[PDB]
Each structure stands twice: as C-alpha cells, then as structure tokens.
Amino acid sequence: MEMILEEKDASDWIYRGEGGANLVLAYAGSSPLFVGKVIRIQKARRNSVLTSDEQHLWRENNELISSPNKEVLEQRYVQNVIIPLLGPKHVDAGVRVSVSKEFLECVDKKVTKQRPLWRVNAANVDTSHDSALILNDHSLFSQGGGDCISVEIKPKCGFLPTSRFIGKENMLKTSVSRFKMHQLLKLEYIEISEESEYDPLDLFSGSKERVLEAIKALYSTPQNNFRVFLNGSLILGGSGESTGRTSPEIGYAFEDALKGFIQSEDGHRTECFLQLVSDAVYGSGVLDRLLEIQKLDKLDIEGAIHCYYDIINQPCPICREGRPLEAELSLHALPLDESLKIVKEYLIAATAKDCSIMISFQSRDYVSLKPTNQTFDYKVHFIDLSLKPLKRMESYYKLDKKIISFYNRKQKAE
C-alpha cells in the first residue's frame, strides 16, 4: 500500500503471460515483499469507472459502484459478487499497489519482445491507471521444497442452452457446444492452426472417464485452454496466446521435463501426469460450482439481448427490423427488476465462462497416483475473474450470430 512502484522497480519483473484485458508479470527481483508474487496490469486497446447504466445495473452492491478506480472495482467485484457464488476457499481477490506512470511505461517496453505480435498490435498497458494488483503466484505451491508443477485450465462454457429463445435456424446450438463451434470461425480467421479436440461438456460431465478424456484432449491441442509450468516456467502451451498442436518434439521436452517430479520409466511420465491432473480435477469437484454460475445464463444471448434493451430503455432493434409475430413478447413484458436480474446474471455467467483454474502440485487435499507409487498435494485456485462491461451485450449477440451462421453454412456442405 505505502509502496509506490517506480521506474527502477520495472527491472524486477519478467513476462509471465496475458489474456485480452490484463498483462501478468512474475517477480524476478530480490525484495522480500514481492517474492513469490505476480502482478496483474490492465491493458487498453489501441484503440469514469462505471457507465450510467452500469451504476444502475449493479445498484445492489454499493461498495462496487463507489469504487474510485477500475482496480478497486475488480477487487470488489470478486469479493462481493463472485465469492458469495463460488466460495472463498479457492478465490483470491488480490492486493492493490500504487504504481507510477513511468513504471508502467518501462514494464510495457521491457516485455514487448516476449509478447505475441498480434497481442502488441491490439493493446498495451493502460498507463493512465495509478494502480495494479499483486497476487500469489500459483505456480509456487505456498508462500514462505521441492519442485512444483503447475497446471492452468481455461474450461470455457460446459453446458448447452435450451431452445425456448433459439429459433430453428440456430437449432444446432442446443446440441453442439459453443466451444466446438467457435473453433471453425477461429480457424477461418487464422487465430488457431487446427481444431481443438477438447470438449468442455466432457470436462464438466462429472464423469471420471470423460474428465480424463478432456485432459488428454487438452494435452494434444492445448491452444489457450491448457498450460503447464515448472516452478514458474512454461513447459507446455502458449505464452500469452494460443499454441499449436503438440508435436512429437513438444512431447519429448515435456516428458523429460517431468523426470524428478513423476517417477515412471520411461516415456510414461506424461500418461501418469495426465492421470494426476484428471484425478485432482474430478476429486476436488471444483468444476461443479463453476458450472452452476455459468448456468446463470438461463436464456442464452438470443434471449437476454431483449432484456438488455429494456434495461437501457431503448426500442429493441431485434424485435423491430425482424418479422412481427416473431417479436419476443414474453421477454419485453417483464418487470424492469426481472430484466435487470437476467442481464446481471448474464454478465456473471460470462465471467465464469471465461475464467481459469490453476492447480498446484508438489510431492508429499491429495492424489494417490497408483501407476507411479507417488502421492501429491494439490491446491486449486480460480484466476481471471474479470468484470464484463454491460455494453458488451451487443457484441456478444453479434459474435453469437456470426458463430452459428458460419457453422450452419459449413454443415450444409453435406
């Protein structure tokens, strides 16, 4: 708190990774105050804290709407909205630290070369912020040996919407996962090299064989949904981006990176490690409660979009400029409060569709790996629990429309 980060401090942070909204740097200096810690720094596209409608939508959380900055905002969103839903056991909202404009600029330039080219094209750190978040580095087993192998999972959405507000033209959405569909669109725009083999419904099934099936699939095609770290260094997956298919070569390096930690012989350490991850995922049941919060998206976007316009007090352009008689009347007949509720719960779900899980292993919650004769303690943590902006409802609808439209045309080539 009393700590204010300056330009010299910037030499003491290395590139860890990034998503779309934040840059994350690992500590690599000496100070006893930041050892075993990571820093989360908000980005701005190339191209005050809450909008008027946002202040309205979130009125039920007074602490949240009076947040002096977007760093406090996130902190309070986790603490006062996501925790009551997820539980505090595996959730850390982090600690604020005052930062200088110069620190931000120097760290911005420092890491540039370690960033993916397309990431740099789209956004850099927001240097107008006077704040950042310090978090426990989850690739270290606990604060204050030996080796720690850490696994990050981005599960995405693990259920299927029902047809009440999905017209027959988009019927596939009720039988094919958003994840599997987005794949084709992404491949088309060259945002990935191949289609994933990961099915989120498998991971969320609560069935052990299907959870192990998902892990194997996540190993084969990690993309941006699977990362492995050895004592804080990336040994599988992409750095701030999606990575391609696991080649025999990435297979060798990772298998060999596992000696010391997993005791097998020889090229079977991978198999047993996947088993390990799979056993920790199922046995902790940490996914079940995440699914419950994803299911707060009760109506799908094709439903919720209508409530969105009532909330912003705007003549619905979907019901207008579409066929009358196909105007979604039941939704618009709702009391304001129900409409506000539905869209609030839609945003929260979107947080849960887009967050990540980090699992920390060390040799001795535990897993008894039979095929190696080892025992591993684990720790589970939810990360990347960002507040989604209200105005994004419109782009969600447009992206969704684009997803199913592209997927239909591809399927129609029968």
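Numbering starts at 1 and runs along the sequence shown.
Going from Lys370 to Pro371, you skip over nothing: the modelled chain follows the deposited sequence without a break. The deposited sequence places no unmodelled residues between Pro248 and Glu249, so the chain runs continuously there. Between the stretches 54-62 and 347-355, it is 54-62 that shows the larger average CA temperature factor. Checked against the record, the higher mean CA B factor of 156-164 and 281-289 lies with 281-289. For the set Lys216, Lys295, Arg178, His268, the maximum C-alpha B-factor listed in the entry falls on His268.
Ranking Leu299, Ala123, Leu258, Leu187 by Cα temperature factor from the entry places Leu258 first. In the deposited entry, the Cα temperature factor of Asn225 sits in the bottom third of values across the chain's modelled residues. Per the PDB record, residue ranking by Cα B-factor puts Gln143 in the highest third of the chain. Sort the modelled residues of the chain by CA B factor and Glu18 lands in the middle third. Per the PDB record, residue ranking by Cα B-factor puts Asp108 in the middle third of the chain. Compared with the other modelled residues of the chain, the Cα B-factor recorded for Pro200 ranks in the lowest third.
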